[PDB]
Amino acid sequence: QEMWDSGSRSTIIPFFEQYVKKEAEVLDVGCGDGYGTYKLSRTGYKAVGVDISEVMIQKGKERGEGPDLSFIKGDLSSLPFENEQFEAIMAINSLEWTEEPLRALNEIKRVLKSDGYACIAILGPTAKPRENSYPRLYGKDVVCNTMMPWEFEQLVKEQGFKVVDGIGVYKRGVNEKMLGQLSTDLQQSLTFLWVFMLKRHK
């Protein structure tokens, strides 16, 4: 709610709109409560939200399903969709919460139409949610993996994706002045999250 309207995810859809033409079908991978999915439908896209949590899915369906908004329960590492079913995909901080990010990335690739866009956000190095990874230093199992924005960037390129753009969502204390002097990796280092705009290679 707050995240999408004025929070850390409030600039994602406008960025998405810069590349993905309206009416294109979009799959929201790891949609959670489905508010982002809802926002996509409100912007003019036919959106489908997928998440492993039955509770989350029911939560999204309560928003009102229609010809432009639907939700499906599913495993992110085994998406219940056909190859190239979606013209576009959005995956906001879903890849950090798996022990097998490459497996999940390959599924995103599979269901995305060749030459289609994939908008994927990855948490910055100091983003608070990453504190979940800390216990690994004591030998404990953790849910949030340590794949950084720049590591994901390279991984996507090695998996058949072209990175065409990207924007940061910066933490308090950062200004546009200091940014326009830093290489991309350092800009990503100062973020709460980085939003990549990828394209599945044709």
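Residue numbers here begin at 1 and follow the sequence given.
Novice: Per the record, averaged over C-alpha atoms, which has the higher B-factor: 170-178 or 141-149?
Specialist: Comparing 141-149 with 170-178, the higher average CA B-factor belongs to 170-178.
Novice: Read off the CA B-factors in the entry, average them over 28-36 and over 157-165, and name the higher stretch.
Specialist: Going by the record's values, the stretch with the higher mean is 28-36.
Novice: Using the temperature factors of the C-alpha atoms in this entry, rank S189 within its chain: lowest, middle or highest third.
Specialist: For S189, whose C-alpha B-factor we compare with every modelled residue in the chain, the answer is the middle third.
Novice: Of the three thirds of its chain by CA temperature factor, lowest, middle or highest, which one includes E131?
Specialist: For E131, the deposited C-alpha B-factor lands in the middle third.
Novice: Comparing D75 with the other modelled residues of its chain, is its CA B-factor in the lowest, middle or highest third?
Specialist: Within its chain, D75 is a highest-third residue by C-alpha B-factor, going by the deposited values.
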